[PDB]
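First comes the structure, then the notes that go with it.
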Amino acid sequence: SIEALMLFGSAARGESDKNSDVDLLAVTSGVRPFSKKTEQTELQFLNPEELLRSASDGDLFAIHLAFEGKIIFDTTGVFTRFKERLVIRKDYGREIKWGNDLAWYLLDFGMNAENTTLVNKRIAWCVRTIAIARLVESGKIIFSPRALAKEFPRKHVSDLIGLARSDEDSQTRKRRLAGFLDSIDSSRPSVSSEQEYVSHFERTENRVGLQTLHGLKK
Amino acid sequence: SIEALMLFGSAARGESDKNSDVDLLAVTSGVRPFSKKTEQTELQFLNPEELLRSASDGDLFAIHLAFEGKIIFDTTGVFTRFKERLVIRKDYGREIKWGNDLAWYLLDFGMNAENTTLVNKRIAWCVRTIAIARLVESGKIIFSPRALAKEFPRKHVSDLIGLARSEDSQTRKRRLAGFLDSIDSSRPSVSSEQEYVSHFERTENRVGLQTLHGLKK
Amino acid sequence: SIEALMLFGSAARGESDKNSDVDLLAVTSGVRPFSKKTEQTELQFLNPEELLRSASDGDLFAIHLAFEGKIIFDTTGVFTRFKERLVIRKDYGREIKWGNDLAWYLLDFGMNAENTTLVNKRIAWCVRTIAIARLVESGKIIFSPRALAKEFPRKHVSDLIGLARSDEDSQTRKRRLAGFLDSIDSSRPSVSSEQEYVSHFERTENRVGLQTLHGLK
Amino acid sequence: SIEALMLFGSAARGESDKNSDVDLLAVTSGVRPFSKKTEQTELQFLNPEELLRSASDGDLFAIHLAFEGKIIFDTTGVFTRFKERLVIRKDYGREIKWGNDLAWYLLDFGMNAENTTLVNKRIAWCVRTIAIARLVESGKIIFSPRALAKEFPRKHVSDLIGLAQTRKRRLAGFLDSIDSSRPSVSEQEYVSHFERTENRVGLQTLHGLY
Ligand SMILES: Nc1ncnc2c1ncn2[C@@H]1C[C@H](O)[C@H](COP(=O)(O)Oc2ccc(C[C@@H](NC(=O)[C@@H]3CCCN3)C(=O)O)cc2)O1
Ligand SMILES: Nc1ncnc2c1ncn2[C@H]1C[C@H](O)[C@H](COP(=O)(O)Oc2ccc(C[C@H](N)C(=O)O)cc2)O1
Ligand SMILES: Nc1ncnc2c1ncn2[C@H]1C[C@H](O)[C@@H](COP(=O)(O)CP(=O)(O)OP(=O)(O)O)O1
Ligand SMILES: Nc1ncnc2c1ncn2[C@H]1C[C@H](O)[C@@H](COP(=O)(O)CP(=O)(O)OP(=O)(O)O)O1
Ligand SMILES: Nc1ncnc2c1ncn2[C@H]1C[C@H](O)[C@@H](COP(=O)(O)CP(=O)(O)OP(=O)(O)O)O1
Ligand SMILES: Nc1ncnc2c1ncn2[C@H]1C[C@H](O)[C@@H](COP(=O)(O)CP(=O)(O)OP(=O)(O)O)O1
Ligand SMILES: Nc1ncnc2c1ncn2[C@H]1C[C@H](O)[C@@H](COP(=O)(O)O)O1
Ligand SMILES: [Mn+2]
Ligand SMILES: [Mn+2]
Ligand SMILES: [Mn+2]
Ligand SMILES: [Mn+2]
Ligand SMILES: [Mn+2]
Ligand SMILES: [Mn+2]
Ligand SMILES: [Mn+2]
Ligand SMILES: [Mn+2]
C-alpha cells in the first residue's frame with residue numbers, strides 16, 4: 001500500500017509555467033524507485049528506507065521535499081522521520097562534479113543524438129544541479145527555475161534550464177552550454193572517447209551520467 | 001493545463017486500509033473524461049465544464065467531491081464555482097432504478113460470467129449507488145463502505161460492497177438476491193439478455209450497457 | 001488542550017478581501033462555546049460534543065463547516081465523526097422564522113438604538129440566515145455574501161449583508177430592511193411592544209433574538 | 001489585511017502534548033511585530049518586510065518557519081519570497097553567546113526573583129536558543145524539545161527546557177556540562193555586558209523584575 005503522499009515541485013510553490021507538470025511523491029514499501037508520467041502528472045515512487053536515506057545523506061532532492069513539499073497524507077509518520085534524519089551538508093562538490101562532467105559529455109556527444117528531448121532534459125539537469133548545489137553551499141535553499149536564474153546568474157542559466165521539456169535541436173544549445181561551462185570555470189574531465197566517459201562515470205559514480213549516456217542510444 | 005487537484009475517496013477520510021487505492025481528481029481543460037490506474041493510484045481527469053455539469057445535475061459523485069474532497073491546489077477557483085453550482089435533488093429514484101436493474105441482470109446472467117472481477121465490481125456499484133442515493137434522500141451525506149452498511153442497514157450491504165475489493169464466491173448470488181429482497185426491489189419486465197439491452201437503452205442506463213457489453217470482451 | 005483546528009469562512013473559499021476576517025474554529029474538550037476576535041482574526045471555540053450535536057441537528061453553520069471548511073489539524077478525528085453525524089433537514093422554517101422575527105424587532109426598535117454596530121451585525125445575520133436556509137431547502141449549499149445575493153435575488157440582500165461590519169446609522173437601512181421583508185412575503189408576528197417581543201422570542205425559543213435585544217441595553 | 005497564515009510549533013509537527021499551545025503566524029502589512037495569546041493559542045503578527053528580513057539575516061526562528069511551518073493560506077506568495085531570501089549563516093556563536101550570558105545572569109540572581117514564571121521562561125529560552133543554534137550549525141531542521149535534548153545530550157537539557165526548587169542545581173549542572181564560562185562581571189555589570197554585546201533578550205529579561 002501507499003503510506004504517504006506529498007506534493008512537491010512548482011505546484012507546491014503556487015507557481016506555474018508554460019509546460020509545468022504536477023509532481024507527486026508516493027511512499028510505498030517493498031518497491032524499487034521509479035516514476036510514471038500521465039497527462040501532465042508525475043508520480044514518484046519511493047520505499048520508506050530510500051526516503052530516509054536521502055535525508056541522512058543530505059540529497060539536494062531531499063532538501064527540496066523538506067523545504068517546499070506539502071504533505072497530502074501520512075498514515076505512518078514516515079515524513080516526520082524523514083525530516084528528523086535530514087542533515088544538510090556543507091560540501092556538494094560531488095554533485096557539482098556530476099553535473100559538470102555530464103555537461104561536457106552532452107557537449108561532446110549529445111548535440112547530434114537522436115533523442116533530442118533526453119539531451120535537453122539532461123542539459124537542464126546539469127545546470128540545475130550545479131545551481132542548486134552552489135547555492136546550498138552559500139547558505140541558500142533555492143529550487144525554482146525562475147529563482148535559480150536570479151540567484152545563480154551565470155551565462156545562459158535561464159535558457160539552458162528552459163530546455164527541460166523542449167524538443168529544441170538548434171545548434172545554439174551547444175554554444176550556450178559552452179558559454180555556461182566557461183562562466184563557471186569548468187574543466188572537461190580527462191576523457192575523450194565515449195567509452196572513456198562511461199568508465200569515468202563509473203569511477204565517479206555518476207549514476208545520472210551513465211543513465212543518460214546509455215539512454216541516448218535507444 | 002491542470003488547474004486544480006483534489007484528493008477524494010477513503011484517503012480523504014483517513015480511512016485507507018490495505019486494499020485501498022489512492023483517488024486523485026485532476027481538472028484539465030479540453031480533455032475528454034478518462035481515468036488512469038497506476039500502482040494503487042487512480043487519476044480521474046475532467047474538464048471544468050464537465051465538473052460543473054455534474055454539480056448542476058446533482059450527481060452523487062459530485063456530492064462526494066464537495067462534501068469529502070480535500071483540495072490539494074486550485075489556481076482558477078474552479079472548485080468554488082463547482083460548489084456554487086451544486087444542486088442536491090430531493091429525488092434520486094432514477095439513479096436508484098439504474099442500480100436496481102443492473103443488479104437484476106448480474107443476478108440473472110453475471111454469476112457465471114468469465115470476467116468474475118467485473119461482475120464483482122459492478123455488483124458493488126449497484127449496492128453502493130443505491131445506498132448512497134437513499135441516504136442523500138434522507139439528508140445524510142455518506143460514502144464510506146463501512147458507514148453505508150450501518151446507516152443503510154440492508155441485508156449483505158457490507159458483503160456486496162466488499163466485492164469491489166474482493167471472498168465467498170458462489171454464495172454471491174444468494175447474498176445479492178437477499179439484498180434485492182430487503183429493498184423491496186422488483187425485476188424489470190425483461191426475460192432475455194437482449195431484453196436487458198433494450199431496457200437499458202430506453203432507461204438510458206449507461207453503466208448497465210457498459211457492463212453487459214464488457215462481460216463479452 | 002486544542003485537539004482540532006479548522007479554517008472556515010471566506011479564507012477557506014480563497015476569496016477573502018481587504019475587509020475580511022480570518023475564521024478559525026478550535027475544538028477544546030470541556031469548554032463552553034465562545035468567540036475571541038484579535039486583529040481581524042476570529043477564534044471560535046467549541047467542545048467535541050457541541051460540534052457533533054450541530055451536525056445531528058443540521059445547523060446551517062455545520063453545513064458550512066462540512067462543505068467548505070478546511071482542516072488545519074485534527075488529532076482526534078473529531079471532524080470525521082462530525083461529518084458522519086451530519087443530517088440535512090428538508091425544512092428550515094424554524095431558522096427562517098427566527099430570522100424573520102428578529103428582523104421585525106430591529107426594524108421596529110433598533111434603527112435608533114445606541115449600539116448601532118450590534119444592530120448592523122444582527123441585521124446582516126437575519127438576512128444571511130434566511131438566504132442560507134432558503135437555498136439549503138432548495139438543495140444548494142451557498143454561504144458567501146456575493147453568491148447569496150445572486151442565488152437569493154431578493155430586495156437589498158447585498159446591501160443588508162454588507163452592514164455586517166458597518167457603523168452606518170442612516171435611515172436608509174430601515175427602508176432597505178422593509179423592502180427585503182416585503183420581497184419574501186414576510187409578516188410581522190402578532191406583537192405590540194418591546195416586552196411582547198421578549199415574550200415572543202422566549203416562547204418561540206429564539207435564542208439569537210433574546211441575545212440581541214438585551215445586548216442593546 | 002492578513003495576507004498569509006502559517007502554522008508552526010509542535011502542532012505543525014503533530015506532536016502536541018498536554019501543555020502545548022497552538023502557534024500561528026499571521027503576516028499583516030504595516031504593523032510592528034507583536035503577539036497575542038488567547039486560550040492556548042499564540043498569534044504572532046509580522047509585516048512582510050520584517051518576515052523577509054529574518055530570512056536574509058538567517059534568524060534561527062526563520063529557519064524553523066521555512067523547514068517546519070505549514071502554510072494555511074498565502075494570498076500574496078510572501079512565503080515563497082520569504083524562502084527565497086533565506087541565507088543560513090555559517091556561524092551562530094553570536095546567538096550561543098547571548099543564551100550563555102543570560103543563563104549566567106539568571107543563575108546568579110534570578111533563582112529567587114519575584115517573577116518565578118518569567119525566570120522559567122527565559123531559562124528555557126537560553127537552553128533552547130543554544131540547542132537550536134547547535135542543530136542549525138550541524139544541518140538539522142527539527143526544533144522540538146525532544147530533538148533538542150536528543151541531539152544536544154547535556155545534563156538536564158530536557159528538564160530546563162521543560163520549564164516552559166531544584167532549578168538552581170540543574171541550571172549550574174547544565175553550564176558545567178557545556179564547559180560554559182561566566183562572563184567577567186555584579187548585576188550592574190551584567191547590564192553593561194548585555195548592552196555592549198547587544199543581547200536584546202538579556203536586556204528585556206533583566207528589566208522584567210523569537
Ligand atoms: N535523486 C534525484 N535527483 C535529482 N532529481 C530527482 C531525484 N529524484 C527525483 N527527482 C526529480 C523529480 C523531477 O521531476 C526531476 C525530473 O528531471 P530528471 O532529468 O528526470 O532528473 C532525475 C530523475 C530521476 C533520477 C533517478 C534515476 N533516473 C530515473 O529513474 C529515470 C530513468 C529514465 C529517466 N529517469 C537515476 O538515474 O538514478 C535522476 C535524475 O527529477
Ligand atoms: N459517475 C460516477 N459514479 C460512480 N463513480 C464514479 C463516477 N465517476 C467517477 N467515478 C469513480 C469514483 C469510484 O472509483 C468509482 C468506482 O468505479 P465504478 O466502476 O465502480 O463505477 C463507475 C462505472 C462506470 C462509470 C462510467 C465511466 N464512463 C466508465 O467507462 O467507467 C463510472 C463509474 O468511479
Ligand atoms: N537536478 C535536481 N536536483 C535536485 N532537485 C531537483 C532537481 N531538479 C528538480 N529538483 C526538485 C526540485 C523541483 O522543484 C522539483 C520538480 O522538478 P521539475 O522537473 O518538475 C521542475 P519544477 O520546479 O517543478 O517547475 P515546472 O517546470 O515543473 O513548473 O524536484
Ligand atoms: N457508485 C457510486 N456513486 C457515487 N459515488 C461513488 C460511487 N462509488 C464510489 N463513489 C465515490 C465515493 C468513493 O469514496 C470514492 C472512491 O471510490 P472507490 O472505488 O475508490 C471506494 P473508497 O470509498 O475510496 O474506499 P477504498 O476501498 O478505495 O479504500 O468515489
Ligand atoms: N447566519 C449564518 N448562518 C449559518 N452560517 C453562517 C451564518 N453566518 C455566517 N455563517 C458561516 C458562513 C460564513 O462564510 C462563515 C464566516 O462568517 P463571516 O461573518 O466571517 C462572513 P464571510 O463568509 O467569512 O466573508 P467575509 O466578510 O469575512 O469576507 O460562517
Ligand atoms: N529560542 C528560539 N530560537 C529560535 N527558534 C525558536 C526558539 N524558541 C522556539 N523557537 C521555534 C521553534 C518552536 O517549535 C517554536 C516555539 O513554539 P513553543 O515556544 O510553543 C515550543 P514547541 O516546539 O511549539 O512545543 P510545545 O511546548 O508548544 O508543545 O518556534
Ligand atoms: N450558530 C451560528 N450562526 C451564525 N454564525 C455563527 C454561528 N456560530 C458561530 N458563528 C460564527 C460565524 C461568524 O463568522 C461569526 C458571526 O456570528 P453572528 O452570530 O452572526 O454574530 O460567528
Ligand atoms: Mn514540476
Ligand atoms: Mn517533474
Ligand atoms: Mn478509494
Ligand atoms: Mn478508486
Ligand atoms: Mn470571515
Ligand atoms: Mn467571521
Ligand atoms: Mn508551541
Ligand atoms: Mn509558542
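Each chain in the C-alpha cells gets a letter, A, B and so on, in the order shown; residues start at 1 in every chain, and ligands are counted from 1 in the order they appear.
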Residue neighbourhood region 33-46 of chain A, 7 Å, only C-alpha atoms, exclusion window fewer than 4 positions, as a PyMOL selection string: chain A and resi 21-28+50-51
What does the file look like for those residues with N, CA and C atoms, as a JSON list (two decimals), in the first residue's frame?
[["chain", "number", "residue", "atom", "x", "y", "z"],
["A", 21, "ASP", "N", 4.38, 20.56, -14.95],
["A", 21, "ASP", "CA", 3.75, 19.31, -14.57],
["A", 21, "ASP", "C", 3.22, 19.43, -13.15],
["A", 22, "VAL", "N", 2.65, 18.34, -12.65],
["A", 22, "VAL", "CA", 2.26, 18.21, -11.25],
["A", 22, "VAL", "C", 3.08, 17.08, -10.66],
["A", 23, "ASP", "N", 3.81, 17.37, -9.59],
["A", 23, "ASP", "CA", 4.78, 16.44, -9.01],
["A", 23, "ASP", "C", 4.21, 15.83, -7.74],
["A", 24, "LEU", "N", 4.11, 14.50, -7.72],
["A", 24, "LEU", "CA", 3.55, 13.77, -6.59],
["A", 24, "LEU", "C", 4.52, 12.68, -6.16],
["A", 25, "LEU", "N", 4.80, 12.63, -4.86],
["A", 25, "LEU", "CA", 5.69, 11.64, -4.29],
["A", 25, "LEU", "C", 4.86, 10.64, -3.50],
["A", 26, "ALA", "N", 4.89, 9.38, -3.93],
["A", 26, "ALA", "CA", 4.16, 8.30, -3.28],
["A", 26, "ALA", "C", 5.15, 7.40, -2.55],
["A", 27, "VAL", "N", 4.94, 7.22, -1.25],
["A", 27, "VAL", "CA", 5.79, 6.37, -0.43],
["A", 27, "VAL", "C", 5.09, 5.04, -0.24],
["A", 28, "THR", "N", 5.69, 3.98, -0.76],
["A", 28, "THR", "CA", 5.13, 2.64, -0.67],
["A", 28, "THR", "C", 6.26, 1.65, -0.45],
["A", 50, "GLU", "N", 14.53, 4.23, 1.42],
["A", 50, "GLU", "CA", 15.19, 5.11, 0.47],
["A", 50, "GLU", "C", 14.88, 6.57, 0.78],
["A", 51, "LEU", "N", 13.65, 6.87, 1.20],
["A", 51, "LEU", "CA", 13.31, 8.23, 1.58],
["A", 51, "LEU", "C", 14.14, 8.70, 2.77]]
Distance table requested - chain D against chain C, cut-off 9 Å, only C-alpha atoms: one row per qualifying residue with the closest atom pair and its distance in Å to one decimal, ordered by chain and rising residue number, as CSV.
residue,atom,partner,partner_atom,distance
D:1,CA,C:18,CA,5.2
D:2,CA,C:40,CA,7.6
D:3,CA,C:18,CA,8.9
D:7,CA,C:72,CA,8.2
D:11,CA,C:73,CA,7.7
D:12,CA,C:73,CA,8.2
D:14,CA,C:75,CA,7.8
D:16,CA,C:1,CA,8.9
D:17,CA,C:1,CA,8.2
D:18,CA,C:1,CA,6.2
D:19,CA,C:1,CA,7.2
D:20,CA,C:1,CA,7.3
D:21,CA,C:1,CA,7.8
D:22,CA,C:2,CA,7.6
D:36,CA,C:38,CA,7.7
D:38,CA,C:36,CA,7.8
D:40,CA,C:1,CA,7.2
D:41,CA,C:2,CA,8.5
D:43,CA,C:38,CA,8.8
D:70,CA,C:72,CA,8.9
D:72,CA,C:72,CA,7.0
D:73,CA,C:11,CA,7.6
D:75,CA,C:14,CA,8.1
Dump the neighbourhood of ligand 10 as a PDB file with N, CA, C and O atoms, in the first residue's frame: all residues within 9 Å, distances computed on only C-alpha atoms and all ligand atoms.
ATOM      1  N   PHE B   8      -9.813  12.541  -3.084  1.00  0.00           N
ATOM      2  CA  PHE B   8     -11.124  12.068  -2.655  1.00  0.00           C
ATOM      3  C   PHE B   8     -11.032  10.590  -2.295  1.00  0.00           C
ATOM      4  O   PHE B   8      -9.957   9.984  -2.327  1.00  0.00           O
ATOM      5  N   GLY B   9     -12.169  10.010  -1.933  1.00  0.00           N
ATOM      6  CA  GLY B   9     -12.184   8.622  -1.528  1.00  0.00           C
ATOM      7  C   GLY B   9     -11.741   8.429  -0.087  1.00  0.00           C
ATOM      8  O   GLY B   9     -11.751   9.349   0.738  1.00  0.00           O
ATOM      9  N   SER B  10     -11.326   7.194   0.206  1.00  0.00           N
ATOM     10  CA  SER B  10     -11.030   6.811   1.583  1.00  0.00           C
ATOM     11  C   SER B  10      -9.823   7.555   2.143  1.00  0.00           C
ATOM     12  O   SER B  10      -9.754   7.792   3.355  1.00  0.00           O
ATOM     13  N   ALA B  11      -8.860   7.919   1.294  1.00  0.00           N
ATOM     14  CA  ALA B  11      -7.714   8.684   1.777  1.00  0.00           C
ATOM     15  C   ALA B  11      -8.147  10.048   2.301  1.00  0.00           C
ATOM     16  O   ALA B  11      -7.648  10.510   3.335  1.00  0.00           O
ATOM     17  N   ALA B  12      -9.086  10.700   1.609  1.00  0.00           N
ATOM     18  CA  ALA B  12      -9.584  11.997   2.054  1.00  0.00           C
ATOM     19  C   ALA B  12     -10.325  11.910   3.382  1.00  0.00           C
ATOM     20  O   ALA B  12     -10.535  12.940   4.031  1.00  0.00           O
ATOM     21  N   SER B  16      -8.011   4.812   4.690  1.00  0.00           N
ATOM     22  CA  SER B  16      -7.360   3.868   3.790  1.00  0.00           C
ATOM     23  C   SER B  16      -6.908   2.625   4.549  1.00  0.00           C
ATOM     24  O   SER B  16      -6.328   2.722   5.634  1.00  0.00           O
ATOM     25  N   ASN B  19      -6.294  -2.843   1.081  1.00  0.00           N
ATOM     26  CA  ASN B  19      -6.780  -2.950  -0.291  1.00  0.00           C
ATOM     27  C   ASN B  19      -7.145  -1.606  -0.906  1.00  0.00           C
ATOM     28  O   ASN B  19      -7.540  -1.564  -2.076  1.00  0.00           O
ATOM     29  N   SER B  20      -7.024  -0.518  -0.156  1.00  0.00           N
ATOM     30  CA  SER B  20      -7.451   0.781  -0.646  1.00  0.00           C
ATOM     31  C   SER B  20      -6.544   1.272  -1.768  1.00  0.00           C
ATOM     32  O   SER B  20      -5.348   0.972  -1.811  1.00  0.00           O
ATOM     33  N   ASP B  21      -7.131   2.033  -2.684  1.00  0.00           N
ATOM     34  CA  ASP B  21      -6.384   2.772  -3.683  1.00  0.00           C
ATOM     35  C   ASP B  21      -6.180   4.203  -3.187  1.00  0.00           C
ATOM     36  O   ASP B  21      -6.541   4.550  -2.058  1.00  0.00           O
ATOM     37  N   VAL B  22      -5.595   5.047  -4.031  1.00  0.00           N
ATOM     38  CA  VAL B  22      -5.468   6.475  -3.762  1.00  0.00           C
ATOM     39  C   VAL B  22      -6.172   7.211  -4.893  1.00  0.00           C
ATOM     40  O   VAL B  22      -5.794   7.068  -6.063  1.00  0.00           O
ATOM     41  N   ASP B  23      -7.195   7.988  -4.550  1.00  0.00           N
ATOM     42  CA  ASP B  23      -8.060   8.625  -5.534  1.00  0.00           C
ATOM     43  C   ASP B  23      -7.676  10.087  -5.699  1.00  0.00           C
ATOM     44  O   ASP B  23      -7.649  10.843  -4.721  1.00  0.00           O
ATOM     45  N   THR B  41      -2.691   3.936  -7.362  1.00  0.00           N
ATOM     46  CA  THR B  41      -3.215   5.281  -7.553  1.00  0.00           C
ATOM     47  C   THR B  41      -4.230   5.287  -8.688  1.00  0.00           C
ATOM     48  O   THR B  41      -4.111   4.534  -9.657  1.00  0.00           O
ATOM     49  N   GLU B  42      -5.227   6.157  -8.559  1.00  0.00           N
ATOM     50  CA  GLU B  42      -6.263   6.327  -9.569  1.00  0.00           C
ATOM     51  C   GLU B  42      -6.388   7.811  -9.876  1.00  0.00           C
ATOM     52  O   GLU B  42      -6.753   8.599  -8.997  1.00  0.00           O
TER      53      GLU B  42
END
DSSP-assigned strand (DSSP E) members of region 1-212 of chain C, reported as an MDAnalysis selection string: chainID C and resid 2:8 22:28 34:38 41:46 70:74
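Residues within 10 Å of residue 169 (chain B), counting only C-alpha atoms and excluding same-chain residues fewer than 5 positions away, are residues 111, 116, 120 and 163 of chain B.
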Please save N, CA and C atoms of the selected residues as a PDB file, in the first residue's frame.
ATOM      1  N   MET B 111     -23.459 -14.201 -12.738  1.00  0.00           N
ATOM      2  CA  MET B 111     -22.895 -15.049 -11.693  1.00  0.00           C
ATOM      3  C   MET B 111     -21.998 -16.152 -12.239  1.00  0.00           C
ATOM      4  N   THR B 116     -15.043 -12.536 -13.778  1.00  0.00           N
ATOM      5  CA  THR B 116     -15.550 -12.501 -12.410  1.00  0.00           C
ATOM      6  C   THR B 116     -15.246 -11.170 -11.733  1.00  0.00           C
ATOM      7  N   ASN B 120     -18.061  -8.686  -9.935  1.00  0.00           N
ATOM      8  CA  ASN B 120     -17.906  -8.310  -8.534  1.00  0.00           C
ATOM      9  C   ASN B 120     -17.842  -6.796  -8.370  1.00  0.00           C
ATOM     10  N   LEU B 163     -17.194  -6.692  -2.509  1.00  0.00           N
ATOM     11  CA  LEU B 163     -16.818  -7.423  -3.714  1.00  0.00           C
ATOM     12  C   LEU B 163     -15.986  -6.590  -4.681  1.00  0.00           C
TER      13      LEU B 163
END
Chain C contacts on chain A, only C-alpha atoms, 12 Å, as a count of residues only: 3
Neighbours of chain D in chain B at 12 Å, counting only C-alpha atoms, as a VMD selection string: chain B and resid 72 to 73 75
Let's have the selection written as a CSV table (one decimal), in the first residue's frame, with N, CA and C atoms.
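What ended up in result16.csv:
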chain,number,residue,atom,x,y,z
B,72,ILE,N,-6.1,19.9,-3.0
B,72,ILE,CA,-4.6,20.0,-2.9
B,72,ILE,C,-4.1,21.3,-3.5
B,73,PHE,N,-4.6,21.7,-4.6
B,73,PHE,CA,-4.4,23.1,-5.1
B,73,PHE,C,-5.6,23.4,-6.1
B,75,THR,N,-5.8,26.7,-8.8
B,75,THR,CA,-5.4,28.0,-9.3
B,75,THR,C,-6.4,28.9,-9.9
At most 10 Å to chain D: residues in chain A, only C-alpha atoms, as a PyMOL selection string: chain A and resi 13-15+55-56+58+63-71+77+79-81+83-90+135-144+147-148+151
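When only C-alpha atoms are used to compute distances to chain B, the closest of the residues C:204, C:138, C:171, C:211 turns out to be C:138.
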Chain B contacts to chain C at 12 Å (only C-alpha atoms) as a ChimeraX atom specification: /B:10,12-15,55-58,62-91,135-144,146-148,150-151
Nearby residues (only C-alpha atoms) at most 7 Å from residue 133 (chain A), same-chain spacing under 5 positions excluded, as a ChimeraX atom specification: /A:92,95-96
